[PDB]
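**Q** Experimental coordinates for this protein are included below, preceded by the sequence.
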Amino acid sequence: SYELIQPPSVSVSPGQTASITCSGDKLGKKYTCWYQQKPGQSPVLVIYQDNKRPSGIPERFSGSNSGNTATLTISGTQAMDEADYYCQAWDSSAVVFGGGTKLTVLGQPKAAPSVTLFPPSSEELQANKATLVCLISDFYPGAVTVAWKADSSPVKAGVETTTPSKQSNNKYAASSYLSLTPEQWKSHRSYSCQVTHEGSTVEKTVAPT
Amino acid sequence: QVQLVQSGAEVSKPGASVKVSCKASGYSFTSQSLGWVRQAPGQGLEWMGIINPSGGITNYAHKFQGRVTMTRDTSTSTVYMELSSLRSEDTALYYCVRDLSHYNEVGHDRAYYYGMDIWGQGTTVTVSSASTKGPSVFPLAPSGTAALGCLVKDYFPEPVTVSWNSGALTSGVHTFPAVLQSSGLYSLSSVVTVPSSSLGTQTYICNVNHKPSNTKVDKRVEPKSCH
Ligand SMILES: *[C@@H]1O[C@H](CO)[C@@H](O[C@@H]2O[C@H](CO)[C@@H](O[C@@H]3O[C@H](CO)[C@@H](O)[C@H](O)[C@@H]3O)[C@H](O)[C@H]2NC(C)=O)[C@H](O)[C@H]1NC(C)=O
């Protein structure tokens, strides 16, 4: 099944030019769309047929589709342009969406995340349950990806992560939980929480000892 | 004056079915195809399918074949989406969309790709069989500044309020949004960063309050044994 690859986050400053790419096998052969979803409202069509703007869409928004990549370009970005952007194409009449790109208009310098990894409390282990809590705080822009590791092997099941929310200091925070059996907890030497933020990874590690 | 208005929010049990409607207006109902796009909380957009009101032919995404039925009533300018055998991962915001494209799969001679130009406000669908349940609270003990908190686990339905030391401690406190587990119950965490020098002298108690179940629990977060 066809797939479109978008970067999860893209940052610019007010008045700068933002460029969001979307990659797919021979994407230049197909028609592409771009949708803008602001927090709390429905998506809005900003670009259709690779480079056409619906009436009422500002001319700052432009699109291009060539080779294997489609690109949405926003010149002179304003604060109101902060939103999630989705590319969209078709694979045998079936609509396909990209993963989405969070666009951030930087209102403060970037900040690396602070990562704290909590082992299961003895009160939870005594209740025949076990939950790992990875808390991420004080980062900006508000976009992180969390990856759990059993020793050195990735864990996929039992992982639940919240969307980054704003703190009182205008910075962002997020949480991720790894639920497993108490026996899964003792059977491994260590568990790891990897938080990648703006291309660099910060990881913490806990052990049953 | 083209607009799509959708039905109200729904809560459904796993295994059952849910039917959402969408009323179109501002244009001739039979002239454009209508489809459904859903979005799990915090996730991306996921297309479900479309129906051509002129003829009633449908085209569903492969993931939903056998589970979804889309119908239309031209007299009322309304389309419907029925999803059956509901599972927890069907909890999402369901968007009604107008697709100006022409698909061969719904009777058009020449396929033509345009896009979805009008979106409804969306219909929230929650899948869980849980009833009102008070939360259990577990401590996130700490070992310069130290991080401590408490885990508010398996409650229903949102929301839960969390304060620290009966509201006396507010600086550095962050209560995270809740996450819906596959069990159908909500869970969140509340953290507070404190100075390490206080851990032997200052007691830390988080106060949870679940109004739907009249549950108030106070949990003391002691430091751990080791360093
Ligand atoms: C022109 O052709 C269309 C088919 O392309 C005919 O539409 C079909 O009409 C039948 C009879 O009305 C529909 O079945 C009935 O639906 C009603 C809905 O209330 C129900 O009460 C009946 O028990 C029966 O199921 C059928 O759904 C419909 N097909 C489509 C695709 O819409 C139409 O009748 C033809 N026109 C003339 C003048 O013959």
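**A** Nice, I can see it. Numbering: from 1, shown residues only, chains lettered A, B, ... in the order given.

**Q** Residue B:129 against residue B:86, yeah?
**A** No: the pair residue B:129 / residue B:86 is not scored as a contact, 10.0 Å apart, by C-beta atoms under 8 Å. Just so you know, the C-beta spots here come from the backbone N, C-alpha and C atoms, and that holds for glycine as well.

**Q** Spit out the residues that contact the two alike.
**A** Residues touching both residue B:129 and residue B:86 (C-beta atoms under 8 Å, 6 or more residues apart in numbering or on different chains): B:13, B:14.

**Q** Give me the more crowded residue out of the two.
**A** residue B:86 (20 against 14; other C-beta atoms under 10 Å in any protein chain shown).

**Q** ok, the nearest residue to the more buried one once chain neighbours are set aside - how many residues close by?
**A** Leaving aside its chain neighbours, residue B:86 sits nearest to residue B:127 (4.9 Å; criterion: C-beta to C-beta, 6 or more residues apart in numbering or on different chains). Neighbours of residue B:127 under the rule other C-beta under 10 Å: 23.

**Q** what's the distance between residue B:127 and chain A?
**A** Taking C-beta to the nearest C-beta, to the nearest Å as the measure, residue B:127 and chain A are separated by 15 Å.

**Q** Which strand residues bridge that residue?
**A** In this structure, residue B:127 bridges to residue B:12 when assessed by DSSP bridges.

**Q** what sits against it?
**A** Going by C-beta under 8 Å, 6+ apart, residue B:127 touches B:11, B:12, B:13, B:14, B:86, B:87, B:88, B:89, B:90, B:91, B:184.

**Q** So residue B:212 is in contact with residue B:135, correct?
**A** No: with contact defined as C-beta under 8 Å, residue B:212 does not count as touching residue B:135 (10.4 Å).

**Q** For those two, work out which one has more neighbours and name it.
**A** Between residue B:212 and residue B:135, counting by other C-beta under 10 Å, residue B:135 is the more crowded of the two (22 against 15).

**Q** show me the contacts for the residue nearest to residue B:170 when sequence neighbours are not counted.
**A** The shortest distance from residue B:170 to any residue other than its chain neighbours is 7.5 Å, reached at residue B:164 (C-beta to C-beta, 6+ apart). The contact partners of residue B:164, by C-beta under 8 Å, 6+ apart, come to B:170, B:173, B:190, B:192, B:204, B:205, B:206, B:207.

**Q** again with residue B:139
**A** A:121, A:123, B:148, B:149, B:150, B:151, B:219, B:220, B:221, B:222.

**Q** Among these, which lie within helices?
**A** Among the contacts of residue B:139, DSSP state H puts residue A:123 in helices.

**Q** what's the closest of the contacts of residue B:139 to residue A:168?
**A** Set against residue A:168, the nearest of those by C-beta to C-beta is residue B:149 (16.0 Å).

**Q** and that closest one, bridged to which residues?
**A** Going by DSSP bridges, residue B:149 forms beta bridges with residue B:140, residue B:191.

**Q** what about the residue of chain A most remote from its centre, distance to chain B?
**A** The outermost residue of chain A relative to its centre, with distances by C-alpha atoms, centre = their mean, is residue A:126 at 35.5 Å. Distance of residue A:126 to chain B, given as C-beta to the nearest C-beta: 10 Å.

**Q** check contacts around the residue lying closest to residue A:150 once chain neighbours are set aside.
**A** Closest residue to residue A:150 apart from its sequence neighbours, by C-beta to C-beta, 6+ apart: residue A:188 at 5.4 Å. The contact partners of residue A:188, taken as C-beta under 8 Å, 6+ apart, are A:150, A:151, A:208.

**Q** which ones are touching the residue most central in space within chain B?
**A** Central residue of chain B (C-alpha atoms, centre = their mean): residue B:41, 4.0 Å from the mean position. Applying C-beta under 8 Å, 6+ apart, one finds that residue B:41 lies in contact with A:163, B:91, B:92, B:93, B:180.

**Q** out of the residues you listed, who's nearest residue A:24?
**A** Using C-beta to C-beta, these come closest to residue A:24 at residue B:92, 24.2 Å.
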